[PDB]
Amino acid sequence: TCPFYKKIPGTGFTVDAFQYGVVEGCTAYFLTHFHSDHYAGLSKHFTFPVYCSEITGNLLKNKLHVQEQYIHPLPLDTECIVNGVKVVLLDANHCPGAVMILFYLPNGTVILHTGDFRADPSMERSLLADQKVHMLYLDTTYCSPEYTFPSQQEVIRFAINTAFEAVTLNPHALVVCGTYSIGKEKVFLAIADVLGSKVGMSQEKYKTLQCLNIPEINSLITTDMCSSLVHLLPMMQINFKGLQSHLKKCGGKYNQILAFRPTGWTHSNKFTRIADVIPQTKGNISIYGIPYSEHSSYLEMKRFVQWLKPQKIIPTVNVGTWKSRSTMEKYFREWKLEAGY
Ligand code: NI
């Protein structure tokens, strides 16, 4: 049945709740972003109103064939009325089209639902600064102090410098990048930009990217693999056997692969600086795991919550075990005592 942390009190609304069938009493289904653990259940046969960003609505129509008459895209940073209730969509700094949702309840309660987000100080200057938030539905993916990672900018600098040096040393090396969903586009686009290449990919993945309003995308991506020296493959194929096989398909154009796997976190982070990252190598194939995150680190999350000062926090991630839930509640109390709210 639908969990309570997916339901907005005082309304008929749910958030990211498409896999429960007809949720009783639900008049509007919101979708924060196009990731499968959130959209699971949507299809051309869905006949209730879906509220989302423009980019998410393009993906619903083109990838899932949801019918246009049930897609209700909203502009960002704009007060809108849904079934009698004021709402605002804010940029979540997650994947393309991902939003946080502000709900202004008729009784005066204000609720923020972060969806999935990577907290940033730029959020402290959005419409959130203009009123108090009483209840926070919080993406707690990395809510423990061991989760540190570098800025996205530092990670992309490392990837660009590594790829440029490799291909300049060996003009017959191929660069491969893994993907399994939208997000993390800067990884492969930045590497293709420094090399003077388009990114080559499957027709299905090209279609997905063309839904994203990214400026000058026709100039950076292609379905012609022969003309590209940066290739995008499914994340599952980013291993030595999968890469050896890909190299066979390129017909002797290339004699070396440099591959990137942009994981979230991996325990090399508690010790290793970004400068100190090394690949796994076998023969003429090297694989780099780089810590490119589209979720808050522990400290980013803590800063956001201590700025916002909510009266009540409702975690939405890691809620399935008692030790995880109790641990998170202990951090929330610490943050509140330190900051004085
Ligand atoms: Ni997500």
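Positions are given from 1 along the sequence. Numbering of ligands and ligand atoms starts at 1, following listing order. Computed over heavy atoms, backbone and side chain alike; hydrogens, waters and symmetry mates excluded.
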Do the ring planes of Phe304 and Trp307 sit parallel (below 30°), tilted (30 to 60°) or perpendicular (above 60°)? tilted
N-O pairing of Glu68 and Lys61 below 4.0 Å: yes
Of the backbone and side-chain N, O or S atoms of [X], does one lie nearer to the Ni ion (ligand 1) than 2.8 Å?
X	value
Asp37	no
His295	no
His38	no

Among N, O or S atoms, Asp116 approaches the Ni ion (ligand 1) most closely through OD2
For the Ni ion (ligand 1), give me the closest N/O/S atom belonging to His35, just the atom name. ND1
Rounded distance (nearest 0.5 Å) linking atom CD1 of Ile285 with atom CG of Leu243: 5.5 Å
Out of curiosity, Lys207 NZ to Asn62 CG, how far, rounded to the nearest 0.5 Å? 6.0 Å
For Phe18 together with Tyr39, are the ring centres under 6.0 Å from each other? no
